[PDB]
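Remarks on the structure that follows.
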Amino acid sequence: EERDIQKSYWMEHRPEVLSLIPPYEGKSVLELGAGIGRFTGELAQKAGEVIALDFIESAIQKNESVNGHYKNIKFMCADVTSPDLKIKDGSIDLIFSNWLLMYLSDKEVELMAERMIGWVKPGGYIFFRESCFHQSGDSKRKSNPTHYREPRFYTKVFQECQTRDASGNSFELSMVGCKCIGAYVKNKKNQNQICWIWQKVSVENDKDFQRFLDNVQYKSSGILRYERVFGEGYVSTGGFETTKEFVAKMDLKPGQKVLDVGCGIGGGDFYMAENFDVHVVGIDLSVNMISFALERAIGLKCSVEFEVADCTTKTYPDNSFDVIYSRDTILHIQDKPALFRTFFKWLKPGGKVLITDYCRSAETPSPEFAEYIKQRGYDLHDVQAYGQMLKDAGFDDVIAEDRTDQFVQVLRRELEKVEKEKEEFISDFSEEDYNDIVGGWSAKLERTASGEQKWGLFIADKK
Ligand SMILES: Nc1ncnc2c1ncn2[C@@H]1O[C@H](CSCC[C@H](N)C(=O)O)[C@@H](O)[C@H]1O
Ligand SMILES: Nc1ncnc2c1ncn2[C@@H]1O[C@H](CSCC[C@H](N)C(=O)O)[C@@H](O)[C@H]1O
């Protein structure tokens with residue numbers, strides 16, 4: 001039994017947290033797992049009345065020895081899960097705990113959310129703080145029964161919690177805050193102390209609809225494994241480092257307008273807009289790509305806009321853009337000359353096009369390369385011929401560079417990093433995700449080594 005294991009464990013065995021908890025001056029507070037009263041004394045000094053509870057007799061007795069002089073505390077030795085624990089429903093302004101749910105089974109956490117919402121009055125708060133993430137228990141002794149859960153579990157249990165009064169008003173919990181104890185630092189290892197603040201609200205939601213919405217988002221998230229390999233914000237060759245190199249060639253001036261054809265999740269667009277004070281118009285055929293772009297754009301003050309659109313059918317007025325930019329997108333486009341003629345009209349006189357794209361050697365594709373091209377739906381040309389297409393469309397000063405050596409260098413570095421981080425990659429993602437990346441990068445390196453696959457950089461300008 002969980003109860004016996006946790007009780008046995010516990011038988012053998014601050015200003016920041018208080019600053020985080022909802023206002024408690026004058027209020028009715030229930031402290032669960034009070035221990036010897038590290039918080040109890042502080043709470044009581046401002047609270048109207050406190051109930052301090054712990055299932056270890058000696059702990060709660062020590063609490064009473066130290067804090068008993070505060071006459072507004074009632075002390076209880078009880079297990080929070082016990083049916084015999086009697087606390088008047090709707091009587092509590094604030095339920096406070098600090099390390100507690102980690103000592104309950106998964107089903108008991110669900111039980112406790114229900115007990116807690118019952119105990120708190122409408123408009124009241126629940127605060128809890130737990131040690132999270134499985135790896136937090138790697139160095140744990142076999143007889144340490146502490147549950148180090150993924151934070152998503154606590155969020156989901158409490159967001160689905162529902163109850164009724166008599167008769168028969170529905171109540172749920174809204175999430176007021178989720179906070180990292182000691183302040184969140186990006187990429188910082190071992191930040192596992194997390195707290196939540198929930199408020200009891202009058203509402204009846206359909207949890208199946210919420211699960212549906214979350215599941216739609218989860219299904220759309222495959223692109224994140226590619227972002228992991230390329231770099232935050234990027235889903236093509238070389239991430240930020242290649243983007244910085246190529247954007248420099250545009251000579252972007254403040255106030256210019258850039259079209260990004262195949263904008264993906266927007267990282268290159270944020271980079272251009274923020275660093276060069278240009279307006280970027282980004283289009284991508286994928287709803288899911290644009291969803292991430294829009295989300296990462298929230299809060300940014302740079303001038304970017306994103307739309308789901310097919311670049312082969314989208315229309316813009318003549319002379320709309322100073323620059324048309326595209327990275328590893330146009331291999332999907334079957335009629336490049338038509339696309340380029342459209343680019344020529346969209347660009348203002350004096351404008352510029354910059355494209356990187358997958359290409360092939362001039363030689364006829366091997367049967368294996370041809371089948372790959374067909375399955376993927378690609379339209380590949382040699383670098384010189386691609387350049388000629390830009391010339392044919394009316395562009396001047398066409399530069400067409402074979403950058404395959406750079407492509408290979410970048411592929412090798414991208415693959416090596418994933419391989420060296422295999423365990424974490426798999427924990428964050430999955431084994432199948434890891435295999436997809438390693439397999440795909442290995443195959444690209446095979447096709448480059450055979451001499452069949454190429455990578456090109458194209459720059460041209462208009463009149
Ligand atoms: N099911 C349960 N019912 C009541 N108390 C419990 C419990 N499971 C664990 N506890 C108590 O929860 C406390 C956790 S340690 C933290 C104590 C205090 N909240 C503070 O932060 O200082 C322990 O004292 C333990 O005895
Ligand atoms: N006809 C089309 N119109 C617009 N985008 C297209 C398209 N065909 C393919 N794409 C998009 O082209 C993108 C290529 S991946 C690269 C995205 C981004 N430029 C970056 O470098 O990170 C994909 O997101 C894909 O959805």
Side-chain angles (χ1 to χ4, degrees), residues 2-14 17-18 31-43 52-60 62-63 76-82 85 96-105 108-109 111-112 115 127-131 145-147 195 223 226-227 230-240 242-243 246 259-271 282-290 292-293 307-314 325-335 339 355-358 376-379:
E2 189 80 22
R3 302 321 321 141
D4 295 328
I5 293 287
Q6 296 287 352
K7 191 166 177 62
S8 284
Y9 174 70
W10 275 108
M11 279 296 289
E12 165 99 32
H13 306 70
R14 180 214 273 212
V17 169
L18 291 169
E31 185 183 15
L32 302 177
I36 66 168
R38 180 163 69 110
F39 290 104
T40 311
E42 296 294 306
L43 291 171
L53 182 157
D54 203 280
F55 76 166
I56 303 299
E57 268 196 340
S58 53
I60 201 63
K62 171 164 180 187
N63 201 332
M76 305 185 74
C77 187
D79 191 310
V80 300
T81 63
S82 180
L85 172 57
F96 172 71
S97 61
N98 187 81
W99 304 303
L100 178 64
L101 307 177
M102 49 208 270
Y103 308 114
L104 306 179
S105 72
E108 287 168 347
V109 178
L111 167 66
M112 285 314 305
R115 297 203 88 183
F127 175 98
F128 61 83
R129 178 270 188 84
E130 310 292 338
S131 299
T146 303
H147 295 261
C195 69
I223 197 56
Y226 285 81
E227 177 185 41
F230 288 119
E232 183 198 327
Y234 296 92
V235 298
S236 76
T237 311
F240 171 70
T242 49
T243 299
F246 301 145
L259 175 67
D260 182 347
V261 178
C263 63
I265 59 179
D269 308 309
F270 305 138
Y271 172 71
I283 56 174
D284 199 286
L285 186 67
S286 164
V287 173
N288 293 341
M289 288 288 199
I290 295 300
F292 282 98
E307 173 185 10
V308 180
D310 186 333
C311 66
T312 68
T313 64
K314 178 66 183 178
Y325 172 65
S326 187
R327 301 288 303 280
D328 301 354
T329 293
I330 292 169
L331 75 167
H332 298 289
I333 278 55
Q334 307 299 300
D335 194 343
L339 181 65
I355 294 163
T356 68
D357 209 357
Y358 286 23
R376 290 295 204 260
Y378 298 158
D379 172 62

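Keep in mind that the numbers below use all heavy atoms, side chains included, and drop hydrogens, waters and symmetry copies. Along the sequence shown, the residues carry numbers beginning at 1. Remember, it's 1-based here, ligands and their atoms both numbered in the order they're listed.
The protein non-hydrogen atom at the shortest distance from atom 1 (N) of ligand 2 is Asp310 OD1, 2.9 Å. Shortest contact from atom 12 (O) of ligand 1 to any protein heavy atom: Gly33 CA, 3.5 Å. Of the protein's non-hydrogen atoms, the one nearest atom 3 (N) of ligand 1 is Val80 N, 3.0 Å. Nearest non-hydrogen protein atom to atom 7 (C) of ligand 2 is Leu285 CB, 3.7 Å. In terms of protein heavy-atom proximity, atom 22 (O) of ligand 2 is closest to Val235 N, 2.9 Å. In terms of protein heavy-atom proximity, atom 24 (O) of ligand 1 is closest to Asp54 OD2, 2.7 Å. In terms of protein heavy-atom proximity, atom 15 (S) of ligand 1 is nearest to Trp10 CH2, 3.5 Å. For atom 16 (C) of ligand 1, the closest non-hydrogen atom on the protein side is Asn98 O, 3.4 Å.
Taking the six-membered ring where the residue is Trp, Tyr103 and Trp10 present perpendicular rings, their angle passing 60° and hence far from 30°.
Contact annotation for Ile333 and ligand 2: only side-chain heavy atoms (C-beta onward) come within less than 4.0 Å of the ligand. At a 4.0 Å heavy-atom cut-off, ligand 1 touches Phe55 through backbone and side chain alike. Here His332 has side-chain heavy atoms under 4.0 Å from ligand 2, and that is the only part of it that gets that close. Residue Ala309 touches ligand 2 through its backbone alone, judged by heavy-atom distances below 4.0 Å.
Side-chain contact between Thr146 and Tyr9 is present, with at least one heavy-atom pair separated by less than 4.5 Å. With contacts defined as side-chain heavy-atom distances shorter than 4.5 Å, the pair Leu285/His332 does not qualify. Annotation: side chain of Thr243 is in contact with side chain of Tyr325 (closest heavy-atom distance under 4.5 Å). Considering only heavy atoms from C-beta on, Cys311 comes within 4.5 Å of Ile333 through its side chain. A heavy-atom distance below 4.5 Å is found between the side chains of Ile265 and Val235. You'll find the side chain of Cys263 reaches within 4.5 Å of the side chain of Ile290, heavy atoms only. Residues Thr40 and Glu31 are in side-chain contact: their nearest non-hydrogen atoms beyond the backbone lie under 4.5 Å apart.
Just one of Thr242, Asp357, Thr237, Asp260 meets the side chain to side chain donor-acceptor pair (under 3.5 Å) condition when paired with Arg327; it is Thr242. Of the candidates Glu130, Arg129, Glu108, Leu101 forms a side-chain contact (heavy atoms from CB on, under 4.5 Å) with just one, namely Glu130.
Close approach of ligand 2 to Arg327 (heavy-atom distance below 4.0 Å) involves ligand atoms 16 (C), 19 (N), 21 (O). The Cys263 neighbourhood of ligand 2 comprises atoms 18 (C), with distances under 4.0 Å to a heavy atom of that residue. Ligand 1 places these atoms under 4.0 Å from at least one heavy atom of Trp99: 14 (C), 16 (C), 21 (O). Atoms of ligand 1 lying under 4.0 Å from at least one heavy atom of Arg38, given by number and element, are 20 (C), 21 (O), 22 (O). For ligand 1, the atoms sitting less than 4.0 Å from at least one non-hydrogen atom of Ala78 are 3 (N), 4 (C), numbered in the order shown with element in parentheses. Numbered from 1 in the order shown, with element, the atoms of ligand 1 that lie under 4.0 Å from a heavy atom of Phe39 read 20 (C), 21 (O). For ligand 1, the atoms lying closer than 4.0 Å to a non-hydrogen atom of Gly35 are 24 (O). Heavy-atom contacts of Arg3 reach the following atoms of ligand 1: 1 (N) (cutoff under 4.0 Å). Per-residue contacts place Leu53 under 4.0 angstrom from the following atoms of ligand 1 (heavy atoms of the residue considered): 4 (C).
In this structure, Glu232 places its CD atom where only 12 or fewer heavy-atom neighbours from other residues, nucleotides or ligands lie under 6.0 Å away. Within a 6.0 Å radius of CD in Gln334, other residues, nucleotides and ligands contribute more than 12 heavy atoms.
Ligand 1 has at least one atom lying under 4.0 Å from a heavy atom of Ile56. The shortest heavy-atom distance from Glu108 to ligand 1 is not under 4.0 Å.
With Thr329, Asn288, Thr356 as candidates, the residue nearest to atom 10 (N) of ligand 2 on a non-hydrogen basis is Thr329. Nearest-heavy-atom check against atom 21 (O) of ligand 2 across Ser236, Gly377, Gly268 picks out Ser236. For atom 19 (N) of ligand 2, the nearest non-hydrogen atom from the set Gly262, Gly266, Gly264, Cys311 belongs to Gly262.
Using modelled atom types and a 3.5 Å distance limit, the side chains of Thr312 and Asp310 yield a donor-acceptor pair. With no hydrogens or angles considered, a side-chain donor-acceptor pair links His147 and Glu2 at under 3.5 Å.
Between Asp79 and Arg3 there is a salt bridge, with a side-chain nitrogen of the basic residue lying less than 4.0 Å from a carboxylate oxygen of the acidic one.
Judged by distance alone, with hydrogens and angles left aside, the side-chain atoms of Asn63 form a donor-acceptor pair with the main-chain N or O of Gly35 at under 3.5 Å. Between the side chain of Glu227 and the backbone N or O of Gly233, at least one donor-acceptor pair lies under 3.5 Å.
Here's the thing with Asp260: none of its N/O atoms is less than 3.5 angstrom from an N/O atom of ligand 2. Distances between N or O atoms of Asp284 and those of ligand 2 include at least one value under 3.5 Å. Ligand 1 has a nitrogen or oxygen under 3.5 angstrom from a nitrogen or oxygen of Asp79.
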